[PDB]
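Written out below as structure tokens is the structure these notes cover.
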Amino acid sequence: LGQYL
Amino acid sequence: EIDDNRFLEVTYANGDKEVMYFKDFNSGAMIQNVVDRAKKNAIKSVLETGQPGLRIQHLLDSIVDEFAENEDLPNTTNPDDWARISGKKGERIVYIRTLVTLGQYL
Amino acid sequence: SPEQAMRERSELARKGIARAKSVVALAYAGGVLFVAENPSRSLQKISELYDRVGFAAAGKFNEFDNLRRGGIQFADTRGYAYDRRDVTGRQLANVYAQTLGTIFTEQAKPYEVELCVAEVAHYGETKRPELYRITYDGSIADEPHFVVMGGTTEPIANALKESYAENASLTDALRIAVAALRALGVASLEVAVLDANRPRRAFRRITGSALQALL
Amino acid sequence: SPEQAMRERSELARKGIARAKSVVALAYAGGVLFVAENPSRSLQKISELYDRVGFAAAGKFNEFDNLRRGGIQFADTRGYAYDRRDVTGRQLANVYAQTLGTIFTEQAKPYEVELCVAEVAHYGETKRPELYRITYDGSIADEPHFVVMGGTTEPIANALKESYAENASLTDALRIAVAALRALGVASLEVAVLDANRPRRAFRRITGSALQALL
Amino acid sequence: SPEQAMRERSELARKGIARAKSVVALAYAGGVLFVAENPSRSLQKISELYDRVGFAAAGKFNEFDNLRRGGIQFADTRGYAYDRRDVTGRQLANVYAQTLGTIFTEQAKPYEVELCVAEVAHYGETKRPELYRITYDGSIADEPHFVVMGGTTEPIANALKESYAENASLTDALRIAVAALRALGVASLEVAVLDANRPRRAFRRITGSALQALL
Amino acid sequence: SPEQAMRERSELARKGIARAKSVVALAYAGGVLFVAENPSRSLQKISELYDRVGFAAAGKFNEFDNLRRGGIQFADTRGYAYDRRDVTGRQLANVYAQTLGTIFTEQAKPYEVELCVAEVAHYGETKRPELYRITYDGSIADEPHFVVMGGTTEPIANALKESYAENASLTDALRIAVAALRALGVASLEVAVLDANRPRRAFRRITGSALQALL
Amino acid sequence: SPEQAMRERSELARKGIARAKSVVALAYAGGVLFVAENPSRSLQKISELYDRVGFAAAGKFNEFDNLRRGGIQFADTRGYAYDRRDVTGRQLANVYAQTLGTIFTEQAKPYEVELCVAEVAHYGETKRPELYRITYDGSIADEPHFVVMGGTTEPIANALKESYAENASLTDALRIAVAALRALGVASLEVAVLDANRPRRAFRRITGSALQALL
Amino acid sequence: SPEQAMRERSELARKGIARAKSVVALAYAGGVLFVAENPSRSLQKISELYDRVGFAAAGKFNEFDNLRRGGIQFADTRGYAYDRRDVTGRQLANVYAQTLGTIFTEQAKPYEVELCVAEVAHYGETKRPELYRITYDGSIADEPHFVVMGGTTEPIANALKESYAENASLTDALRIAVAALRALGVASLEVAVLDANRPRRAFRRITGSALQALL
Amino acid sequence: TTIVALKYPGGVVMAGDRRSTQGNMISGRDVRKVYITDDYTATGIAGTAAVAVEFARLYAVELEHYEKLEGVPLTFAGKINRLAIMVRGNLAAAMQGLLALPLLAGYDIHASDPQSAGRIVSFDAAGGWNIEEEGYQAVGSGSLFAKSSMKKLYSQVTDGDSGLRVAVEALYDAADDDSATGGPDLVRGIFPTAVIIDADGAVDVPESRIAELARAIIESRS
Amino acid sequence: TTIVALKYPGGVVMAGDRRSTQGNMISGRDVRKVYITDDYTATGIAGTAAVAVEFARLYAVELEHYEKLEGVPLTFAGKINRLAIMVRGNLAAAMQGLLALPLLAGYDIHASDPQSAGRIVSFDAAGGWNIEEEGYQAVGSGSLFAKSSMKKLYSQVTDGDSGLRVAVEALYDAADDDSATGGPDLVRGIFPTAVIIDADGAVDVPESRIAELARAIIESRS
């Protein structure tokens with residue numbers, strides 16, 4: 001899951 | 001450590017998997033082979049095109065070709081490396097794999 | 001393996017997303033335009049979500065229709081609980097991201113879906129159309145000009161990259177979108193707009209003979 | 001790997017449908033005609049669902065009768081909650097698709113069933129008969145002329161492909177359907193119609209001596 | 001081995017925070033300054049928690065926003081149950097520590113998140129800014145001068161170590177923070193302050209042209 | 001492999017029915033006749049279900065008595081909810097058809113039972129006796145003349161095939177049934193009838209000296 | 001495997017019943033006589049169940065006293081719900097059979113117990129004593145003369161086979177039962193009767209000096 | 001395997017009872033005497049259960065104190081529900097046996113405890129003291145003279161066998177019990193009595209200087 | 001309060017006054033009691049102000065919600081049913097003094113004859129409904145005076161405009177004989193509100209037209 | 001109790017008295033009945049003191065909570081709605097004699113014309129609300145006298161200050177004709193409280209300004 005802020 | 005350098009993948013007793021790269025299996029003999037292949041490519045370029053000299057792209061081609069040649073063989077190291085990896089991870093090695101590569105859909 | 005799940009689930013759902021028809025959404029003078037390749041007459045991949053918020057999807061129909069319904073539910077419960085002008089495309093996109101992440105990590109199979117939430121300004125108001133793309137894992141991306149979902153996205157995305165023109169009329173944006181989608185008649189196209197000029201409900205389908213005239 | 005296990009389920013459901021009798025449904029002048037090969041006198045594979053919506057099935061009887069009952073439940077709850085003319089064959093087909101997909105992915109064994117939902121227009125109204133086929137996975141297909149379910153579908157489907165004629169009378173469509181089904185007397189046939197001419201309840205069985213005269 | 005599994009989780013969580021963009025928080029004359037590298041315009045990594053308590057985070061968005069929401073919930077329920085001046089940054093930090101420990105030991109996957117809770121004194125009051133850093137396991141650290149979260153923290157932490165000056169004005173602390181963060185324009189920065197001079201709500205975003213003037 | 005587990009369930013159920021006594025049910029002039037080989041005086045394998053519906057079983061006592069009780073429950077709840085003349089042998093057979101399927105697929109061990117539901121016409125009415133056989137598979141077979149359950153069914157079924165005569169009196173049908181069952185005195189036989197001539201409750205046991213006279 | 005483990009309990013249970021004391025129950029002129037080999041003065045193996053129904057057991061005590069209590073519960077709830085003369089030894093025996101079967105195929109360990117339910121006629125009434133034996137399988141057997149439970153049953157059963165005499169008085173039946181049981185003083189015997197001559201409660205223990213005189 | 005689990009559970013509990021201090025209980029002229037080897041001043045292994053019923057235990061403190069509490073609960077609920085003189089040592093012993101038969105077979109770890117329930121007669125009444133011993137398996141033993149629990153029971157039991165004398169006074173029975181226990185001062189002994197002469201509550205501790213005088 | 005609705009050849013018109021009271025005290029001079037619930041219906045609600053505005057809002061939400069889920073509006077019959085159920089649900093509160101009665105006007109696009117596709121539907125406190133057949137309906141404290149006025153004026157209704165004038169006049173008489181119904185306020189310039197529904201949907205009548213008709217009526221009566 | 005609110009060109013003003021009674025007995029000489037719920041609203045509450053202060057507190061909490069979760073304040077419409085739902089929720093206790101009625105003043109930053117972005121909103125016990133158009137509102141036992149005073153005085157309102165003076169005067173007349181409303185106490189120096197909202201937010205009028213206005217009125221009448 002490439003959702004890193 | 002990029003996607004193109006992913007050489008091997010190992011499954012441990014816990015089932016966790018590690019992506020080993022060609023760095024873990026690198027050697028001085030591999031360095032010498034890469035240099036020799038680059039020199040041979042430079043000789044071929046001189047013979048065909050006529051421009052003397054060795055380029056960096058020759059080294060890049062040599063290293064990628066050498067990795068491609070050596071990646072087909074999974075068993076290329078002694079069992080001591082596997083034992084060291086198991087001792088480091090702490091888990092038993094059970095699988096090795098090479099990274100060569102129904103309805104209502106709208 | 002923690003690594004196996006993330007890499008394997010990712011492949012299982014990217015496959016099922018490429019294993020489907022293609023949808024495009026692009027900004028034009030009157031708002032946003034959805035153009036999907038859809039043969040059926042009953043099953044739809046473009047939908048109104050709220051007054052000014054539209055929705056397009058590509059993947060497995062039962063699942064993105066599950067998301068369609070959930071989003072409608074959400075938007076109406078908010079609009080009634082607070083007010084209509086409080087529901088925004090941004091909230092909706094965020095909810096879809098949270099939900100697709102939770103599904104992607106907790107359920108047995110990941111939703112082989114790709115979502116696009118679109119929003120335009122209110123009537124007599126001025127503001128640029130907003131496009132968001134939500135992927136199967138929960139990732140959300142802010143698009144300035146157009147979104148392409150499902151199937152092989154590269155050729156369509158490039159054709160749109162060459163043909164796109166801001167403030168293109170409805171007919172030109174339709175030609176550009178159909179052309180880039182080909183890279184199909186009224187019997188194989190689902191076309192709708194988020195017309196910024198409507199007083200309240202902006203979503204409006206373009207079907208049949210009117211669609212025939214436009215293309 | 002999940003996809004491979006799903007491949008094992010697809011085959012098991014297909015094997016059950018293959019090990020069964022054959023049903024056909026085709027459009028004719030007065031509506032839609034269901035003709036099934038059924039030896040029993042108590043167990044039925046054709047049913048009224050709502051005023052103008054009929055239903056045929058092929059597979060394990062306990063499972064498609066479970067679906068028959070669920071669909072009846074659904075249609076009546078809608079008709080009472082909203083109104084009779086709001087329930088459409090399209091909604092019903094969609095519910096069956098969602099339910100067969102959920103069963104196909106979540107239950108231990110997939111329902112070895114194949115469904116056909118049929119709809120005709122209301123009384124004094126004009127509109128073409130709609131046929132939908134729902135398969136075991138949740139897939140739904142829109143058929144213009146006829147649906148063939150269960151057993152070996154190829155020879156029956158081809159025989160119908162040569163014999164079919166739009167606006168055939170009730171007797172001709174019965175001859176065509178029985179002929180293509182053979183590729184059987186009143187003691188081994190279940191025959192019913194969705195007669196578009198009835199005022200409200202369109203479904204009507206054709207049994208005994210009347211069936212004898214028709215064939 | 002439980003210890004080896006714990007090392008698998010510790011390692012897992014460290015890698016995710018490295019993937020995320022960097023955030024810094026530092027004390028300056030008027031309170032505390034949050035400066036994060038954030039490209040999106042809708043997704044934020046800095047937030048008000050209570051009147052004088054702010055919050056920054058670095059890592060998987062759908063998790064540190066979950067923590068953001070939980071913290072807001074907590075703070076408001078306390079403030080209403082007792083009073084506003086009773087909620088302190090210390091309580092909040094402690095709750096996040098308990099929660100991240102429980103998540104780290106009980107849930108399937110550990111949150112890949114790094115938190116910073118900041119507090120300033122009340123209006124017309126005198127007291128030093130407090131910074132707490134909560135890591136993924138539940139560990140909590142009391143910082144006197146600045147916190148750096150996410151990405152590669154060494155170069156930024158060292159650059160701040162050389163440039164930091166207590167009682168630096170807002171502009172100087174912004175220059176120091178952006179400089180050490182580089183080790184970016186208003187279109188890639190999320191900047192906010194906990195201004196100790198505000199009467200009640202201390203958190204205040206600095207965006208657009210005002211941010212342009214400050215940097 | 002569920003393909004192999006199901007096979008061992010079917011074999012286990014078949015062995016249990018074979019490892020049991022034999023029951024026969026046949027049509028005669030006054031209705032239907034049940035003749036079972038039963039040594040006990042307290043444990044019974046033939047039962048009234050409703051006014052005109054009888055029931056015989058062969059297999060494991062506790063399980064087919066569980067079904068006996070469930071069927072009684074069902075029939076009475078229907079008769080009270082609607083009316084007595086609405087409960088039919090067909091409904092009952094169908095309910096035991098679906099309950100045995102559900103048990104056969106969902107419970108640890110399949111029930112080792114074989115059921116026969118019988119029905120006659122109402123008083124002063126005319127209609128042929130109906131016999132249904134429900135197997136542990138859940139399959140329901142419509143029988144025109146007689147049902148044989150439990151033990152070795154071949155020799156009894158053949159002897160009945162030669163001796164059966166429609167409209168045989170009570171004594172002749174008893175002789176035929178006992179003879180074919182032998183292929184036993186009043187102390188080892190359970191005999192009852194569904195006498196079509198009774199006004200309401202048709203089931204009637206034939207025991208003791210009356211049975212002695214009949215055979 | 002159902003054969004190995006459903007049967008696995010059968011050896012387990014048989015072994016548990018053998019490492020226990022022996023109990024006998026036999027019919028005599030005044031009713032039924034229970035004679036058990038029991039050293040303790042507190043723990044018992046013979047009990048009143050209802051007005052005319054008695055109960056003896058052999059095997060793990062926590063288990064057959066659990067059944068003792070359950071049976072008491074059942075009988076009293078029925079007697080109060082309907083009437084006292086409606087509860088019969090036959091119902092009780094049947095309930096114990098169902099319950100021991102359900103423990104055999106579901107609980108972890110099978111009840112290593114063996115039960116005997118006894119019944120006599122009411123006061124001033126005439127009817128033969130009924131003895132039922134319920135085993136750990138759920139099996140139930142109708143005994144005309146005597147039941148032997150627990151330990152090595154062969155020698156006691158044979159000695160009773162030679163010595164038994166119908167209509168033996170209380171003293172003779174006690175001598176026969178103690179003699180066959182030996183194949184013990186008042187300090188190692190538990191003796192009770194179901195005296196058919198009592199007006200209501202038939203069960204009656206024979207202990208101490210009265211027992212001393214009888215034997 | 002039921003046999004291996006039974007022999008594994010049995011040898012662990014026993015490796016806990018023998019891994020603990022020793023307790024003795026013996027009958028004397030005024031009732032029953034408990035003498036335990038107990039160093040702590042707060043943790044106790046002898047307790048009042050009801051008016052005339054006492055309790056001693058040996059094993060794991062948290063567990064036999066759990067049983068202590070459960071027994072207190074039980075006895076008081078009975079005494080209030082019926083009456084005080086209805087609760088007997090026999091009921092209590094039986095409940096503990098059922099509880100140690102359920103814990104041993106159902107819980108993860110058997111209770112490593114050895115219980116002794118004691119009872120004396122009521123005031124102005126005459127009856128012999130009763131001692132019961134409940135083992136971790138769930139067996140109960142009726143003891144006429146004395147019970148020894150925990151640690152090396154056999155050497156202590158051998159000494160009591162030689163020294164025991166019925167109707168020994170309190171001082172003699174204390175000397176005998178401490179002597180056989182040695183096979184310790186007031187700072188390492190827990191001594192209590194069930195004094196049959198008390199009007200209601202018979203349990204009474206003997207500590208400090210009074211204990212000093214007695215020994 | 002008073003809300004009239006009447007069918008004209010080709011459409012329907014629905015008008016309502018503007019006053020809201022508390023006992024004898026005039027509390028609101030410009031309340032809008034006629035809403036456009038959807039492209040082909042309009043709902044007036046008489047009664048308790050809160051319950052009224054709430055009914056209207058929630059009903060509009062429900063119509064549109066089903067429309068978004070199913071991809072097609074309910075038939076006029078379904079709409080009638082949902083409104084009726086909402087009304088039946090408020091019966092307990094209506095007996096406690098929170099009564100709200102709706103009058104529903106609509107244009108059935110599926111009807112056979114377009115010239116009579118207009119629809120008027122009235123409800124009681126107990127949720128029962130009735131489809132009007134005499135060409136008009138009204139609700140509120142002035143409803144009897146409004147109906148008795150339209151009975152006489154209705155032969156003049158021949159199109160959208162004459163139907164609008166008859167509506168305004170009926171309101172004028174309601175207000176003329178009942179003090180809880182406000183008439184046209186010439187001083188402040190506040191006039192009844194009106195909605196017209198025909199083949200092309202529902203539109204609000206702009207105020208100027210209503211002002212004209214009101215001034216014509218007032219001049220006629222002097 | 002009495003709380004007036006009036007729009008002026010460019011803003012809104014809201015003022016309230018200070019007395020609190022129990023029957024005929026004066027129990028509180030300095031209660032504050034007008035709160036600043038957020039940077040662009042102010043809320044007066046008449047009625048039961050407990051229910052009043054509680055409403056104000058809880059509403060402020062809710063506005064600010066949604067603001068923190070979503071990163072943007074509700075629209076003025078949403079705020080109106082939430083306040084209305086609270087009021088509707090207290091209805092049972094209001095019929096049990098715990099009635100509390102709020103009057104909500106706000107400055108809409110999203111309105112088109114800044115000179116008329118002022119907003120006044122009134123509520124009844126049943127949660128229904130109404131946006132005021134006649135430019136002023138009041139609530140409490142003295143509200144009728146206050147409204148009848150502002151009707152005449154309102155032509156003088158041309159800016160923030162004149163609007164403030166008109167507010168104070170309306171309060172003076174409420175108190176002058178009703179005993180439950182306190183007037184300016186010159187002896188103890190306690191004056192009405194006032195909040196002004198304009199483009200820049202909501203600020204409390206410092207006491208001195210209200211003192212001078214009150215003294216000007218008192219001298220004008222004697």
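Residue numbering restarts at 1 for every chain of the structure tokens, chains are lettered A, B, ... in their displayed order, and ligands are numbered from 1 as they appear.
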Spatial neighbours of region 100-106 of chain D, 10 Å, only C-alpha atoms, chain gap at least 2 places, as a count of residues only: 29
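Residues surrounding residue 163 (chain D) within 12 Å are residues 26, 145, 146, 156, 157, 172, 173, 174, 175, 176, 177, 178, 179, 180 and 181 of chain D [only C-alpha atoms; sequence separation below 6 positions excluded].
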Save out the residues we just selected, N, CA, C and O atoms, as a JSON list (two decimals), in the first residue's frame.
[["chain", "number", "residue", "atom", "x", "y", "z"],
["D", 26, "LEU", "N", -37.39, -18.30, -24.59],
["D", 26, "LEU", "CA", -37.27, -17.54, -25.82],
["D", 26, "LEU", "C", -38.42, -16.55, -25.97],
["D", 26, "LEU", "O", -39.52, -16.76, -25.46],
["D", 145, "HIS", "N", -32.74, -12.76, -27.54],
["D", 145, "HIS", "CA", -33.65, -13.68, -28.22],
["D", 145, "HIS", "C", -33.97, -14.93, -27.39],
["D", 145, "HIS", "O", -35.15, -15.27, -27.22],
["D", 146, "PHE", "N", -32.94, -15.61, -26.86],
["D", 146, "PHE", "CA", -33.21, -16.82, -26.08],
["D", 146, "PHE", "C", -32.03, -17.14, -25.17],
["D", 146, "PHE", "O", -30.88, -16.78, -25.45],
["D", 156, "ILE", "N", -28.50, -27.42, -28.46],
["D", 156, "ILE", "CA", -29.76, -26.71, -28.29],
["D", 156, "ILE", "C", -29.61, -25.26, -28.73],
["D", 156, "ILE", "O", -30.49, -24.72, -29.41],
["D", 157, "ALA", "N", -28.51, -24.61, -28.35],
["D", 157, "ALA", "CA", -28.32, -23.21, -28.70],
["D", 157, "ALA", "C", -28.20, -23.03, -30.21],
["D", 157, "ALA", "O", -28.69, -22.04, -30.77],
["D", 172, "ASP", "N", -45.77, -22.09, -32.64],
["D", 172, "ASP", "CA", -44.51, -22.22, -33.37],
["D", 172, "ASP", "C", -43.32, -22.15, -32.43],
["D", 172, "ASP", "O", -42.38, -22.94, -32.55],
["D", 173, "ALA", "N", -43.33, -21.19, -31.51],
["D", 173, "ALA", "CA", -42.26, -21.10, -30.52],
["D", 173, "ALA", "C", -42.20, -22.34, -29.65],
["D", 173, "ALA", "O", -41.11, -22.76, -29.25],
["D", 174, "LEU", "N", -43.35, -22.97, -29.37],
["D", 174, "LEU", "CA", -43.32, -24.23, -28.62],
["D", 174, "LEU", "C", -42.69, -25.35, -29.43],
["D", 174, "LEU", "O", -41.89, -26.13, -28.91],
["D", 175, "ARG", "N", -43.03, -25.44, -30.72],
["D", 175, "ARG", "CA", -42.43, -26.46, -31.58],
["D", 175, "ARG", "C", -40.92, -26.25, -31.71],
["D", 175, "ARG", "O", -40.14, -27.21, -31.60],
["D", 176, "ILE", "N", -40.50, -25.01, -31.94],
["D", 176, "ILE", "CA", -39.09, -24.70, -32.08],
["D", 176, "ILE", "C", -38.34, -25.05, -30.80],
["D", 176, "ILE", "O", -37.24, -25.61, -30.84],
["D", 177, "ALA", "N", -38.92, -24.70, -29.65],
["D", 177, "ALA", "CA", -38.26, -24.90, -28.36],
["D", 177, "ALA", "C", -38.16, -26.39, -28.01],
["D", 177, "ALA", "O", -37.13, -26.84, -27.50],
["D", 178, "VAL", "N", -39.22, -27.16, -28.28],
["D", 178, "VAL", "CA", -39.16, -28.59, -28.01],
["D", 178, "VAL", "C", -38.19, -29.27, -28.97],
["D", 178, "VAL", "O", -37.40, -30.15, -28.57],
["D", 179, "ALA", "N", -38.23, -28.88, -30.24],
["D", 179, "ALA", "CA", -37.33, -29.45, -31.23],
["D", 179, "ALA", "C", -35.88, -29.21, -30.84],
["D", 179, "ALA", "O", -35.09, -30.15, -30.74],
["D", 180, "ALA", "N", -35.52, -27.94, -30.58],
["D", 180, "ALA", "CA", -34.14, -27.61, -30.22],
["D", 180, "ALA", "C", -33.75, -28.24, -28.89],
["D", 180, "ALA", "O", -32.57, -28.54, -28.68],
["D", 181, "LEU", "N", -34.72, -28.44, -28.00],
["D", 181, "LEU", "CA", -34.44, -29.08, -26.72],
["D", 181, "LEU", "C", -34.10, -30.55, -26.90],
["D", 181, "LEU", "O", -33.27, -31.10, -26.16]]
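Atom to atom, CA of residue 20 (chain B) and CA of residue 83 (chain B) stand 14.7 Å apart.
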For region 193-200 of chain I: contacts at 7 Å, only C-alpha atoms, fewer than 6 positions along chain excluded, given as a PDB file with C-alpha atoms, in the first residue's frame:
ATOM      1  CA  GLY I  10     -51.093  20.679 -19.612  1.00  0.00           C
ATOM      2  CA  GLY I  11     -49.762  21.174 -16.097  1.00  0.00           C
ATOM      3  CA  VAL I  12     -50.210  21.897 -12.420  1.00  0.00           C
ATOM      4  CA  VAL I  13     -49.797  25.009 -10.295  1.00  0.00           C
ATOM      5  CA  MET I  14     -49.250  25.285  -6.556  1.00  0.00           C
ATOM      6  CA  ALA I  15     -49.288  28.499  -4.500  1.00  0.00           C
ATOM      7  CA  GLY I  16     -48.973  29.345  -0.807  1.00  0.00           C
ATOM      8  CA  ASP I  17     -49.253  32.387   1.458  1.00  0.00           C
ATOM      9  CA  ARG I  32     -41.911  29.912   2.079  1.00  0.00           C
ATOM     10  CA  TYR I  40     -41.622  16.961 -11.344  1.00  0.00           C
ATOM     11  CA  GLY I 106     -46.820  16.449  -9.577  1.00  0.00           C
ATOM     12  CA  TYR I 107     -46.600  15.982 -13.315  1.00  0.00           C
TER      13      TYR I 107
END
When DSSP works through the backbone of this structure, what residues of chain B end up as strand (DSSP E), shown as JSON, numbers by chain? {"B": [6, 7, 8, 9, 10, 11, 12, 17, 18, 19, 20, 21, 93, 94, 95, 96, 97, 98]}
Please identify all polymer residues within 12 Å of residue 70 (chain H), counting only C-alpha atoms, omitting same-chain residues fewer than 3 positions from it, and present them as a list in words. residues 49, 63, 64, 65, 66, 67, 73, 74, 75, 76, 77, 92, 95, 96 and 99 of chain H
Would you mind exporting the chosen residues as a tab-separated table (two decimals), in the first residue's frame, restricted to C-alpha atoms?
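Once written, part.tsv looks like this:
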chain	number	residue	atom	x	y	z
H	49	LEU	CA	-16.36	-22.28	55.34
H	63	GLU	CA	-5.89	-21.57	43.15
H	64	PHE	CA	-6.84	-23.11	46.48
H	65	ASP	CA	-7.77	-19.61	47.59
H	66	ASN	CA	-9.94	-19.40	44.48
H	67	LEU	CA	-11.63	-22.62	45.69
H	73	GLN	CA	-19.88	-18.20	48.10
H	74	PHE	CA	-21.69	-21.54	47.69
H	75	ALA	CA	-22.22	-22.19	51.40
H	76	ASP	CA	-23.63	-18.74	52.09
H	77	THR	CA	-25.96	-18.79	49.10
H	92	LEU	CA	-19.35	-28.80	50.08
H	95	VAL	CA	-19.10	-29.45	44.98
H	96	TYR	CA	-15.33	-29.24	45.27
H	99	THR	CA	-15.22	-28.49	40.35
Identify all chain D residues at most 7 Å from chain I by counting only C-alpha atoms; ligands do not count. Present them as a list in words. residues 82, 83 and 86 of chain D
Just N, CA and C atoms for this one: save the residues we selected as a JSON list (two decimals), in the first residue's frame.
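Result file result.json:
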[["chain", "number", "residue", "atom", "x", "y", "z"],
["D", 82, "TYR", "N", -42.40, 0.28, -2.07],
["D", 82, "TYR", "CA", -42.53, 1.38, -3.02],
["D", 82, "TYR", "C", -43.80, 1.24, -3.81],
["D", 83, "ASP", "N", -43.76, 0.47, -4.89],
["D", 83, "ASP", "CA", -44.97, 0.12, -5.62],
["D", 83, "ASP", "C", -44.67, -1.03, -6.57],
["D", 86, "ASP", "N", -42.58, -0.54, -9.75],
["D", 86, "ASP", "CA", -41.19, -0.16, -9.57],
["D", 86, "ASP", "C", -40.25, -1.34, -9.61]]
Among C:201, C:45, C:19, C:60, chain D is approached most closely, using only C-alpha atoms, by C:60
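If you look at CA of residue 93 (chain G) and CA of residue 54 (chain G), they are 10.7 Å away from each other.
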Would you list the contacts of residue 124 (chain D) as a PyMOL selection string, taking every protein, DNA or RNA residue within 10 Å and counting only C-alpha atoms, but skipping same-chain residues closer than 4 positions in sequence? chain D and resi 196-199
May I have the residues from that selection written out with C-alpha atoms, as a short mmCIF file (atom, residue, chain, number, x, y, z; two decimals), in the first residue's frame?
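Full text of part_24.cif as output:
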data_model
loop_
_atom_site.label_atom_id
_atom_site.label_comp_id
_atom_site.auth_asym_id
_atom_site.auth_seq_id
_atom_site.Cartn_x
_atom_site.Cartn_y
_atom_site.Cartn_z
CA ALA D 196 -47.81 -9.94 -22.15
CA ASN D 197 -51.58 -9.68 -22.67
CA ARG D 198 -52.69 -10.52 -19.11
CA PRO D 199 -53.80 -7.46 -17.10
#
Let's see if you can do this: from backbone DSSP, list all alpha helix (DSSP H) residues in chain C, as a ChimeraX atom specification. /C:2-18,61-81,89-106,153-163,170-182,208-214
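Distance-wise, CA of residue 16 (chain B) and CA of residue 1 (chain C) end up 4.3 Å apart.
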For residue 85 (chain H), list every protein, DNA or RNA residue within 12 Å, evaluated using only C-alpha atoms, and leave out those in the same chain fewer than 4 positions away; present the list as a ChimeraX atom specification. /H:50-53,75-76,78-81,89,121-123,200-201
